[PDB]
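Below is one structure, written out as structure tokens; comments come after it.
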Amino acid sequence: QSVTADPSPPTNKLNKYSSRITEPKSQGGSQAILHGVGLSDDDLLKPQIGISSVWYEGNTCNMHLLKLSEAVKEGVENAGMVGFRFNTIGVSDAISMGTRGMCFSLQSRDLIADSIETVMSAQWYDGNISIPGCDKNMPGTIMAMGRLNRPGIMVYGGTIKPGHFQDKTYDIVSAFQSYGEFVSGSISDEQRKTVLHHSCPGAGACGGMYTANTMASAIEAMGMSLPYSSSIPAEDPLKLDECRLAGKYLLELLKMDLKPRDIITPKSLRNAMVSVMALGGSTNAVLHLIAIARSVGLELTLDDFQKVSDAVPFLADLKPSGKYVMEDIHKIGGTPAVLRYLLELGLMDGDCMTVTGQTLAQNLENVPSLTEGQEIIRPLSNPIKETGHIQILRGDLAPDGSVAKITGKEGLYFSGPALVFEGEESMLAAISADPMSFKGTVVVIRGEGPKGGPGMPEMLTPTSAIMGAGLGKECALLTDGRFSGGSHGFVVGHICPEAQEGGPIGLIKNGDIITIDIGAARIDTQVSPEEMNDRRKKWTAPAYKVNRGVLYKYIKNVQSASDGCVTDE
Ligand code: FES
Ligand SMILES: [Mg+2]
């Protein structure tokens with residue numbers, strides 16, 4: 001598609017956009033403001049870099065990003081350019097998890113994209129350096145870069161370090177699990193409170209291979225971050241050094257005029273996907289990479305993810321699936337060492353251009369390989385799973401697609417009577433009151449999609465409640481929303497069409513025999529197509545849960561999960 005969104009420049013000029021306001025006499029107003037903010041006449045000749053951080057104080061993932069932003073600005077000035085900082089909003093999935101505040105999470109990606117697009121366009125900045133630090137922030141910044149197509153680099157804020165106390169390790173997942181362990185009797189209240197005080201020891205994104213590190217790693221593999229960006233910890237002095245170098249790299253991108261639509265291509269999108277499959281990355285990457293692909297006028301379907309999943313084995317022994325965390329990847333050569341191995345295996349396209357001004361292959365020629373003896377990244381001949389974790393399922397109940405994380409440890413089939421709930425809350429009340437009624441069932445939590453939720457909330461409490469009741473492998477879990485963790489069993493999200501839109505998931509009744517088949521890739525119902533059609537004629541959409549504000553705008557704008565929940569088409 002031909003993307004028309006933002007202003008064109010008015011060709012070896014480095015100030016292609018800012019010249020619109022710095023050069024003409026008829027933009028004297030603009031120049032007056034710029035003198036006011038501290039620019040000399042000589043400064044007006046230089047390129048202007050929009051430096052977009054997602055700093056805020058109330059989240060560990062984001063509290064350090066103002067300091068990083070200052071270091072990016074200093075490096076832009078050291079590279080002979082003007083650096084102009086601005087800052088957008090973000091939200092904390094870790095804070096808002098288990099609450100209605102989670103309805104505002106996914107849409108913050110799209111709000112972030114709109115924010116950066118807005119400032120870059122209005123202020124006529126020539127290039128962008130973005131400093132996201134948390135889940136949704138990362139793709140939001142890349143989407144903005146794709147829309148604008150101005151030279152850009154994403155500096156990942158970096159991963160949090162695991163907490164340590166009295167020779168035990170903790171992360172955010174320890175803190176989530178602590179409640180269930182207390183209720184079951186596995187730990188005391190004092191041990192519970194100890195976990196909370198030592199789970200998050202400083203700044204940076206959640207530590208394992210959840211969405212932040214998945215997306216950071218993916219975006220490095222896509223060529224839109226500098227080498228090591230995804231693997232250097234937040235509090236590591238090298239992160240600050242990377243910040244101070246971004247300016248030098250971006251200067252070179254302006255000389256080359258190497259733009260996001262030159263770097264983000266079908267092949268580099270594939271490279272990103274390869275990294276998700278190899279590292280055991282989150283199912284959320286499906287939504288985010290589709291959104292990134294659309295931002296540059298390219299197509300990316302659920303089927304494309306299945307093909308890359310089938311082609312690429314799961315190799316990384318990393319949480320949540322495995323043992324180690326993102327800090328351990330840093331110790332054995334970082335993300336470049338991982339990607340170097342995948343390139344040597346023939347799994348990636350080396351000729352894709354990157355933000356270094358060189359190709360992926362060129363970047364990876366000159367990096368140390370995975371440390372001899374390391375046990376984190378398995379060899380090709382002994383993978384953790386022969387294909388990727390990410391599985392696309394269709395069938396009667398998800399005719400437009402759905403996404404699941406499949407380890408290989410759960411078997412190929414599950415069949416059981418449907419147990420249907422109209423939101424998360426009613427599911428949690430039922431399993432609390434009568435846990436044994438869930439045994440052998442296919443649990444359906446519906447009305448939690450993009451429009452129905454609203455906001456397509458991510459839900460953790462259902463899987464942990466199932467685990468806490470001892471029913472992990474003894475029931476399946478289906479939703480039009482999203483789930484956070486694995487149940488050691490069949491857990492499917494992103495079911496399309498969502499129940500709010502009258503998809504078959506909205507027509508399921510209690511007792512319907514639902515059969516999940518992984519080999520066939522189908523979520524089927526024993527109810528006849530005719531009886532499902534009769535139910536469809538009786539069905540009417542429930543009223544929207546909001547009538548005003550940002551979530552009502554989301555309801556009006558958002559596309560399906562199968563289309564990456566894009567809001568601007
Ligand atoms: S709440 Fe920020 S990456 Fe988890
Ligand atoms: Mg999340």
Side-chain angles (χ1 to χ4, degrees), residues 53-65 68 88-99 101-110 112 131-141 154 156-163 170-177 196 199-219 229-231 233-235 276 280-289 291 318-320 325-327 403 405 424 448 450 453 455-464 479 481-486 491 493-494 561 564-565:
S53 50
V54 193
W55 162 78
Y56 57 107
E57 295 178 331
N59 195 30
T60 41
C61 320
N62 301 96
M63 70 185 178
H64 72 296
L65 305 179
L68 300 197
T88 198
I89 64 96
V91 307
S92 179
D93 287 302
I95 282 170
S96 67
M97 187 69 73
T99 80
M102 182 56 58
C103 298
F104 296 82
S105 182
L106 181 58
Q107 69 84 34
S108 72
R109 181 194 73 181
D110 311 285
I112 286 165
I131 312 154
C134 182
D135 201 319
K136 314 288 177 305
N137 309 174
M138 276 69 78
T141 64
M154 196 196 82
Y156 185 46
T159 192
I160 201 174
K161 273 180 258 189
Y170 305 107
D171 65 353
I172 191 57
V173 170
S174 313
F176 287 144
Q177 292 171 351
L196 306 192
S199 282
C200 309
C206 305
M209 196 54 72
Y210 320 123
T211 306
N213 288 328
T214 299
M215 287 314 299
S217 296
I219 289 161
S229 194
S230 59
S231 53
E235 297 193 344
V276 171
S282 185
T283 51
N284 291 327
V286 175
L287 297 176
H288 305 320
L289 292 163
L318 296 164
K319 288 179 172 173
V325 294
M326 181 54 86
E327 196 192 22
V403 184
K405 185 177 189 282
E424 193 203 53
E448 296 291 356
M456 208 197 184
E458 198 186 328
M459 294 167 288
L460 178 64
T461 323
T463 50
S464 67
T479 191
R482 301 179 290 141
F483 291 122
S484 294
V491 175
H494 310 209
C565 295

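For ligands, and for the atoms within them, numbers begin at 1 and follow the listed sequence. Residue indices begin at 1 and follow the sequence shown. Below, all heavy atoms of this structure are taken into account, side chains as well, without hydrogens, waters or symmetry copies.
Near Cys61, meaning under 4.0 Å from one of its heavy atoms, ligand 1 places the atoms 1 (S), 2 (Fe), 3 (S). Proximity to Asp135 (heavy-atom distance under 4.0 Å) selects the following atoms of ligand 1: 3 (S). Atoms of ligand 1 lying under 4.0 Å from any heavy atom of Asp93, numbered from 1 in the order shown and given with element: 1 (S). Of all the atoms in ligand 1, the ones that sit under 4.0 Å from a non-hydrogen atom of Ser92 are 1 (S).
For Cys206, heavy-atom contacts with ligand 1 shorter than 4.0 Å involve the backbone as well as the side chain. Here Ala212 has side-chain heavy atoms under 4.0 Å from ligand 1, and that is the only part of it that gets that close.
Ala94 N, 3.2 Å is the protein heavy atom nearest to atom 1 (S) of ligand 1.
Contact check for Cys565 versus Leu106: side-chain heavy atoms found under the 4.5 Å cut-off.
Under the 3.5 Å distance criterion, the side-chain polar atoms of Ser217 are left unmatched by any main-chain donor or acceptor of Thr214. The closest donor-acceptor contact from the side chain of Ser174 to the backbone of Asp171 lies under 3.5 Å.
Residue side and main chain included, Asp135 places an N/O/S atom under 2.8 Å of the Mg ion (ligand 2).
Partner of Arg482 under the side chain to side chain contact (heavy atoms under 4.5 Å, CB included) criterion, out of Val403, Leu460, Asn284: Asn284 alone.
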Residue pair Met456, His494: steps toward the side-chain contact (heavy atoms from CB on, under 4.5 Å) verdict: CA-CA 9 Å; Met456 208 197 184; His494 310 209; 3.9 Å; yes
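The atom of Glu458 nearest to the Mg ion (ligand 2) is OE1, with the search restricted to N, O or S atoms.
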